[PDB]
Amino acid sequence: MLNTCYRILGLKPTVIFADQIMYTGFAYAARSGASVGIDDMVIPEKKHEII
Amino acid sequence: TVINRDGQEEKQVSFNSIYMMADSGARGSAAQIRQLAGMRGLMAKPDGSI
Amino acid sequence: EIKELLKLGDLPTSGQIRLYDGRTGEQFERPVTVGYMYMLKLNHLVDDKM
Amino acid sequence: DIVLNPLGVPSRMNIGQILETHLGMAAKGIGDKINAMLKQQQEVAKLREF
Amino acid sequence: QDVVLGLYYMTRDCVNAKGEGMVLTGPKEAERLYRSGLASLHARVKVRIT
Amino acid sequence: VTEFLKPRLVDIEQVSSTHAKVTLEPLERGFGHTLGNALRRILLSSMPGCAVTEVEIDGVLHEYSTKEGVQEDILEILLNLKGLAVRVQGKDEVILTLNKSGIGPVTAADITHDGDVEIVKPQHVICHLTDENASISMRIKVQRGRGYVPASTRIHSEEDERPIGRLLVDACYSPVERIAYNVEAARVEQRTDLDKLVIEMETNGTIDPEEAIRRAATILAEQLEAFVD
Amino acid sequence: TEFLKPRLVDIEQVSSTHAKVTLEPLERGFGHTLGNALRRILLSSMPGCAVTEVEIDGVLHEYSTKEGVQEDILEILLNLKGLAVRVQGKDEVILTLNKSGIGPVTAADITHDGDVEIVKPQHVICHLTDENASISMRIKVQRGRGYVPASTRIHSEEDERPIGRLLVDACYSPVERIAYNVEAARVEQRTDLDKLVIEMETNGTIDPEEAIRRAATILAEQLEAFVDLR
Amino acid sequence: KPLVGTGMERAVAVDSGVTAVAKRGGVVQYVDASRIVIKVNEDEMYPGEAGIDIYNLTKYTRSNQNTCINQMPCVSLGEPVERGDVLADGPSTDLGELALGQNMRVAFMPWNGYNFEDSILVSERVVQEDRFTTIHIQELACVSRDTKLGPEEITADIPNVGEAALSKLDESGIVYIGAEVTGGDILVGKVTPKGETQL
């Protein structure tokens, strides 16, 4: 995205677009609620037999 | 993910947190989830011997 | 044993709860890990370094 | 009290900081029971049994 | 690291999401529907776009 | 101990005839997010207005039907009618009709108007006709309400299952198209942790943006009158 | 078409520090618009009273000890800044404490005053472990809102204060926990109305109804910049 | 103390010699903020002397790294004590266990880009309960010497300074104990004999 925006339009639209991407990424990452727990690490049930 | 629809079940990509941040390119790789949830593997001596 | 003790205190076994945003009052989409950690202040204060 | 990033755990493999966070909750959740029985003014047998 | 995770979570899709099937007039209406609590971010819809 | 800082509504900026920026500063710490969020939740779901709720078409009675002589499907015709802005003075229900034949665009200026119903933009295109023998006749229904109500809840919070020919439209009652805000840092001469609230407002041409801000403010301020003393 | 308006139905007092209030009836989408505004107001802007200075005699700074008293002076200052007191008619008051003997020194030993009262009379201030020991101090209490640390008002006024007046940090706000709920109201004609329930936990020193009145008043006065524009 | 430990804190606390440990069993006879006095039992008693142990605590001393060393008693007046028991705590000790920090309530999630790369976001209730406040002690020195023109003197008659800036000095020329000083203030007044100058 950033490279095609630089090739078509130029420098100043690119430096505005980069800022807007940063702001909206931070906002929606905050609203998602992503976390890490102990149950997110799932061990396959057929390892004990491969061993 | 086995999420069902208007009549019955089907499959889709997972919404697991670790998979989501590994697959998107934010932080991580497969080689490190392998050590988190798989087995660690073979270790070398300080000589270079395994 | 961790989960058995979590049940003894009437808490969620998965270790994740639902949280609300303080600025808008909405809910966060997924559950979040909340707990007690032990933190330490190190002797690298910014009054010295500036 | 404090908000930490989850993107720090997977690619560093210090999983001990997650388990500690789950155990420190279970400990605190037990105190909040005993505390209640001292506000609620229960007798010594209930505290002994719990 | 989090620009990437937020942009990736906002442009994924899901099956049987709330508000699936609607037809909207533009991006402004999709935003107004997401803020109100009527649609989901991962819902499959049809939008007119210039 | 009871005297709080009060802002000054500087710098109203008109981007277009229906688009505005409002700046409000300075405010006590944490009041930008109280004011902006309470005002945004009202402009979005409680503003009253009037809009199209259903249409009746001839021979084109089914949902997935096809009339000839028109460039487009009827599913986008039920989409060009959500962009209809009308002012209704005096009643809670008005039924309107439209019909035209020939070649060219079918706009809102071709509607048989009344003295109590006014249209805002007569350049709003509703159809296109590609044949001299082509025709269309339609009976549109204009209700009054508040907020946004979709067609799904509308169709199954109700089982007065009418004769076929009713095509349901999503009703956009509130005149507000887009509302956003953000909070920045402001500095009175020696204090630094104060706020500055900036609001971006865009409506359809029914009412001005400032009038909408004033009406939402009044709606909120009039709910607190049992406690203010 | 006009909106219904909420009314302050009931107030239930579960304890001297914890209470519940109920506002009903509300239209659809007004339990949250009022709930979050009132929770954000009640947690930052309520006024109250706090201890602002101490003098003990024969004490020059807070890093000293006193003979016969088994706490350092920093621990006594920390026990004093957690004292909940209510003042009736003034914006400032000075109390005194004199004690002698063996045993604990608690807030029931501060000298009685006409228009000042102490909601928790068993708050522990210090201990006396010697029979010939005695303590005497005079404590300054004030009224305000917010959180003002001592390193900020020592810059307020610059003239000389005597050696031996120890400054304490002031946390003025009396409200410490707020929660709320939106439930389905019961009115006989309609079923699209809700009620709003607010749960409050304080340190004494404020009334729940008066607190809600102050919050609503602050909000209504802040909206006047919009209700009448330019 | 930590809520989750490994069982190894008691030994590191006791074996560092930073606490006061009882040498002989007995009964606490006197407690203060600055000293403890133990009355020894009869079995552990030596047949020739009074049998009274005295422990004098350390108060607000600076360490090699300008931090604060300070002891404070655990026991209360009149209770029994056995040999090897802990009587007073040192810095970073709680009832005889190593306590290096505080236990906080954490949530793992992103917040608006304020924890972007290993950053941390903190509540105001943590800075207003004084949980991570620390005391630092620092030392300064004024040395008076001989010169080829005669000795220097530590005095209060400092030339070309206003008499407001000489209020915190006593008549001997040194600041009082209990003063509140900020940058620029005078702590010890001193004058040096001066060779004659061109103009």
# chains A, B, ... in the order shown; residues from 1 in each chain; ligands from 1
>>> residues_around(residues="residue C:35", least_positions_apart="2", cutoff="12 Å", atoms="only C-alpha atoms", output="ChimeraX atom specification")
/A:37 /C:6,11-12,14-17,32-33,37-38 /D:1-4,17-29 /H:3,103-108
>>> interface_residues(of="chain G", to="chain F", cutoff="8 Å", atoms="only C-alpha atoms", output="JSON, numbers by chain")
{"G": [5, 6, 7, 8, 29, 33, 34, 36, 37, 40, 47, 143, 144, 145, 212, 213, 214, 216, 217, 220, 222, 223, 225, 226, 227, 228, 229, 230]}
>>> write_last_selection(atoms="C-alpha atoms", output="PDB file, in the first residue's frame")
ATOM      1  CA  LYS G   5     -38.019  11.555  32.367  1.00  0.00           C
ATOM      2  CA  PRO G   6     -36.233   9.650  35.140  1.00  0.00           C
ATOM      3  CA  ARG G   7     -36.985  10.036  38.818  1.00  0.00           C
ATOM      4  CA  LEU G   8     -34.965   9.161  41.922  1.00  0.00           C
ATOM      5  CA  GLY G  29     -30.406   3.952  25.158  1.00  0.00           C
ATOM      6  CA  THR G  33     -25.550   7.657  28.297  1.00  0.00           C
ATOM      7  CA  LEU G  34     -26.334   8.635  31.883  1.00  0.00           C
ATOM      8  CA  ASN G  36     -21.108   6.484  32.183  1.00  0.00           C
ATOM      9  CA  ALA G  37     -21.395  10.258  32.500  1.00  0.00           C
ATOM     10  CA  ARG G  40     -16.963   9.646  35.296  1.00  0.00           C
ATOM     11  CA  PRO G  47     -15.404  17.656  47.464  1.00  0.00           C
ATOM     12  CA  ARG G 143     -11.648  21.281  52.443  1.00  0.00           C
ATOM     13  CA  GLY G 144     -11.118  20.877  48.717  1.00  0.00           C
ATOM     14  CA  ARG G 145     -11.353  18.568  45.726  1.00  0.00           C
ATOM     15  CA  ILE G 212     -25.865  12.454  42.809  1.00  0.00           C
ATOM     16  CA  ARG G 213     -27.335  15.965  42.931  1.00  0.00           C
ATOM     17  CA  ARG G 214     -23.861  17.499  42.694  1.00  0.00           C
ATOM     18  CA  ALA G 216     -26.083  16.066  37.814  1.00  0.00           C
ATOM     19  CA  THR G 217     -25.638  19.770  38.560  1.00  0.00           C
ATOM     20  CA  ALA G 220     -26.106  20.335  33.434  1.00  0.00           C
ATOM     21  CA  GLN G 222     -21.319  22.072  31.539  1.00  0.00           C
ATOM     22  CA  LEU G 223     -23.883  21.533  28.769  1.00  0.00           C
ATOM     23  CA  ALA G 225     -22.007  25.965  26.224  1.00  0.00           C
ATOM     24  CA  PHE G 226     -23.930  23.873  23.672  1.00  0.00           C
ATOM     25  CA  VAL G 227     -27.576  24.500  24.596  1.00  0.00           C
ATOM     26  CA  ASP G 228     -26.941  28.150  23.701  1.00  0.00           C
ATOM     27  CA  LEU G 229     -24.310  28.322  20.994  1.00  0.00           C
ATOM     28  CA  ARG G 230     -22.028  31.224  20.046  1.00  0.00           C
TER      29      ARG G 230
END
>>> residues_around(residues="residue C:31", least_positions_apart="4", cutoff="9 Å", atoms="only C-alpha atoms", output="list in words")
residues 33, 34 and 35 of chain A; 16, 17, 18 and 19 of chain C
>>> write_last_selection(atoms="C-alpha atoms", output="CSV table (one decimal), in the first residue's frame")
chain,number,residue,atom,x,y,z
A,33,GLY,CA,-9.1,-6.8,23.3
A,34,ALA,CA,-6.4,-9.2,22.3
A,35,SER,CA,-4.8,-11.1,25.2
C,16,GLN,CA,-10.0,-14.5,31.9
C,17,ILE,CA,-12.8,-12.0,32.7
C,18,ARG,CA,-14.8,-9.3,30.9
C,19,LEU,CA,-13.6,-5.7,31.1
>>> closest_atom_pairs(of="chain H", to="chain B", cutoff="12 Å", atoms="only C-alpha atoms", output="tab-separated table")
residue	atom	partner	partner_atom	distance
H:109	CA	B:17	CA	11.2
H:116	CA	B:26	CA	12.0
H:117	CA	B:27	CA	11.5
>>> select_by_dssp(residues="stretch 28-66 of chain G", states="alpha helix (DSSP H)", output="ChimeraX atom specification")
/G:31-42
>>> atom_distance(atom1="atom CA of residue G:88", atom2="atom CA of residue G:116")
6.2 Å
